[PDB]
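I have placed the structure first, in the form of structure tokens, so that the comments after it can refer back to it.
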Number of protein chains: 2
Amino acid sequence: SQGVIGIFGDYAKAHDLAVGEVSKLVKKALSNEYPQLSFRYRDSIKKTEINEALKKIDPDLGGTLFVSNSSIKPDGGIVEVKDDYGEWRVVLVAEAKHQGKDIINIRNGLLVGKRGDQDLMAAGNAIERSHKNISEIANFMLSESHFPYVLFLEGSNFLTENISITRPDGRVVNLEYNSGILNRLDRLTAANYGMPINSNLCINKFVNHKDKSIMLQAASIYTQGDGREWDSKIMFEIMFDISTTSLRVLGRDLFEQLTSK
Amino acid sequence: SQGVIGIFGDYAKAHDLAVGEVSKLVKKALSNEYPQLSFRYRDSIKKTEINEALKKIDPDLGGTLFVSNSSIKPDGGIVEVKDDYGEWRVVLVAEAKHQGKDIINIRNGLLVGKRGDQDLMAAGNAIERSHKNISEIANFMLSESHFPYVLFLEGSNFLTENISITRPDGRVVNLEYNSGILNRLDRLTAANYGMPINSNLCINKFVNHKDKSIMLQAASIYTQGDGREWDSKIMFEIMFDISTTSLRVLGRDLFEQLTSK
DNA sequence: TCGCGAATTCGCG
DNA sequence: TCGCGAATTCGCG
């Protein structure tokens, strides 16, 4: 890839880094490409911070807090950059979820179900929780013109293509991705307003029905439709791409540092 | 209450109607108060409908659909009214969730935990799924100026005041609502941007940081902080109130029917 | 301690 | 059939 991005990508590949460790690798690559700028990595954000960001937009917002030490902790963490005003602006927020272990059950001779005879397990809905952290970050970045939220999906419940799994017996269980018994990808499409998945949707879109004007905050939803594990090298490239896009949007508030330094 | 609203409320009280049945009672009361208008009740909405509503706002929106027969089914249902143009406009969307059975466990001599010695159970996070249907309805009503989504909460995980539960032994287990071991109310505050709970937040607010303009879609989040069950009479009054507010916002597109009839 | 997160099995029309 | 929903127990710093 461009410059050192190819070097860093191979390092992630060699160590099979988790989403959280890749976010750290991304900020390390960002500080390398932009020596004049200051970057940091956090593992969580308190509800107090989000409430404070909300009050700055409107006094009636961010007024509730039942548990004083409340917070959100994205398994991928958060990356930020300091602007010309001394304030930290979020550049990246990663998250990785899993659901559906049918591929594993079929690789083995495991029959699931209440009777122990089913080849497949009726897909659950625990993935719907993903919408919470997306809402929190959206509120935290309501004053921003970009929304760098990335969600990586993998498992039997996130297929985008048909696959065949062979059991120890020899029988091939053909899985159709468009089957509502397993596919739960539609339980996330609301997060990006139906815009294409596996795409960088960082730059906020502005729509309107009547003379109104609304800002949409679409999350980037990536999935491994093969049923295989995610490749750390490509996760890095995707996250770095979204991070650089965030910098482009933040460009106006970063000029003094890239120049006067 | 005003007119027949007091009569209908007592009926719901007498039968301890579920949230879904109260929504039906609300549309029955609406058709009584507004004989000139036409109301209907639905139990679900297909993803195709939401995608179509999205395309009308922007051609790039609502382009994904992996499972053709995908849909959302709020346990409270949806109430709608036909406008002067023949289109059905949503007036109400109810939902009721439960979480935390500590009150019940303490009423009995049941000790929970992996060792069977704990008085309380560490509160889970399954309630976070509520954000999904809220996003779906928000996208479905992105062209609207009102968001009549109501969420009723009850259980040991949604306390707003301290309570004491006595076990068969006689020992009183004092529960503090502000304890992060049980309280999960903060896992929903993002849905209404931190605005006050137990309030009618139907009319959409318009904010802005810079010359931008954004429309907020805040959901009404009601909770029974006592730990007790919800009263059907008050659920009806709350839902009817939000429904009438929706009519006020829709007023301009209902005039021809209230007049020319 | 206290508080957030994993993501599951299976009922229901 | 196929597809959505209930909301749980307990590990982890």
Side-chain angles (χ1 to χ4, degrees), chain A residues 19-20 43-47 65-77 95-102 104-105 110-118 120-130 132-133 136 153-158 176 178-187, chain B residues 19-20 43-47 65-77 95-102 104-105 110-118 120-130 132-133 136 153-158 176 178-187:
Chain A
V19 67
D43 49 79
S44 58
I45 297 176
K46 287 217 307 171
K47 184 180 175 183
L65 181 64
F66 302 85
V67 176
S68 294
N69 310 77
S70 289
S71 66
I72 62 172
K73 177 176 161 55
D75 64 349
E95 190 91 61
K97 297 300 183 66
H98 310 268
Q99 198 179 291
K101 50 181 181 176
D102 304 290
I104 303 175
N105 294 322
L110 257 178
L111 285 303
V112 300
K114 28 278 166 64
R115 290 179 168 193
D117 52 357
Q118 303 169 207
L120 300 174
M121 166 64 73
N125 59 5
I127 190 197
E128 299 175 359
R129 295 193 302 104
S130 300
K132 194 214 68 182
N133 283 346
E136 297 281 15
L153 296 310
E154 73 162 271
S156 302
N157 297 171
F158 312 117
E176 293 191 278
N178 53 288
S179 179
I181 295 180
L182 297 185
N183 201 274
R184 293 297 174 255
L185 235 42
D186 304 270
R187 305 292 178 79
Chain B
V19 67
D43 49 79
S44 58
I45 297 176
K46 287 217 307 171
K47 184 180 175 183
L65 181 64
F66 302 85
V67 176
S68 294
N69 310 77
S70 289
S71 66
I72 62 172
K73 177 176 161 55
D75 64 349
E95 190 91 61
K97 297 300 183 66
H98 310 268
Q99 198 179 291
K101 50 181 181 176
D102 304 290
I104 303 175
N105 294 322
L110 257 178
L111 285 303
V112 300
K114 28 278 166 64
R115 290 179 168 193
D117 52 357
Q118 303 169 207
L120 300 174
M121 166 64 73
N125 59 5
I127 190 197
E128 298 175 359
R129 295 193 302 104
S130 300
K132 194 214 68 182
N133 283 346
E136 297 281 15
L153 296 310
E154 73 162 271
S156 302
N157 297 171
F158 312 117
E176 293 191 278
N178 53 288
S179 179
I181 295 180
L182 297 185
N183 201 274
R184 293 297 174 255
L185 235 42
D186 304 270
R187 305 292 178 79

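Chain identifiers are assigned alphabetically (A, B, ...) following the order of the sequence lines, protein sequences preceding nucleic acid strands; residue numbering begins at 1 within each chain.
Both B:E128 and A:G124 lie near DNA chain C, and the one whose nearest nucleotide falls closer to the 5' end is B:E128.
Close to C:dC4, at under 4.0 Å from its OP1 or OP2, lies no side-chain N or O of A:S44. In terms of phosphate contacts, B:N125 brings no side-chain nitrogen or oxygen within less than 4.0 Å of OP1 or OP2 of D:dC10. Neither OP1 nor OP2 of D:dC4 sits under 4.0 Å from any side-chain N or O of B:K47. A close approach under 4.0 Å does not occur between any side-chain nitrogen or oxygen of B:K132 and OP1 or OP2 of D:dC4. Here B:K101 reaches the OP1 or OP2 of D:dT9: one of its side-chain N or O atoms lies under 4.0 Å away. Phosphate contact (OP1/OP2 of C:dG5, side-chain N/O of A:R129, threshold under 4.0 Å): absent. A sub-4.0 Å separation between OP1 or OP2 of C:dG3 and a side-chain N or O of A:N69 is present. At the phosphate of C:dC4, OP1 or OP2 sits under 4.0 Å from a side-chain N or O atom of B:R184.
Taking CG of A:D43 as the start and CD1 of A:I72 as the end, the distance is 11.0 Å to the nearest 0.5 Å.
Around CG of B:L110, the count of heavy atoms belonging to other residues, nucleotides or ligands within 6.0 Å exceeds 12. Within 6.0 Å of CG on A:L111 lie more than 12 heavy atoms contributed by other residues, nucleotides or ligands.
In this structure, the side chains of B:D186 and A:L65 come closer than 4.5 Å at one or more pairs of heavy atoms. Side chains of B:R129 and A:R187 form no contact here, defined as non-hydrogen atoms less than 4.5 Å apart.
The closest donor-acceptor contact from the side chain of A:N178 to the backbone of B:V67 lies at 3.5 Å or more, if one exists at all. At least one donor-acceptor pair closer than 3.5 Å links the side chain of A:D102 to the backbone N or O of A:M121.
Contact annotation for A:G155: no contact, since no heavy-atom pair falls under 4.0 Å across all strands. Nucleic acid contact for A:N183: none, since no nucleic acid atom lies under 4.0 Å from a heavy atom of the residue. The residue A:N133 sits close only to the backbone: its heavy atoms come under 4.0 Å of sugar-phosphate atoms, none of a base.
Pair assignment for D:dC12: C:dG3, on the basis of Watson-Crick or G-U wobble contacts that are both within less than 3.5 Å.
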Sort me out a list of protein N/O and nucleotides 11-13 of chain D N/O pairs below 3.5 Å, or just none if empty.
unit_1 : atom_1 : unit_2 : atom_2 : d
D:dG11 : OP2    : B:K114 : NZ     : 2.8

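Separating the CG atom of B:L185 from the P atom of C:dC4 is a distance of 12 Å, rounded to the nearest angstrom.
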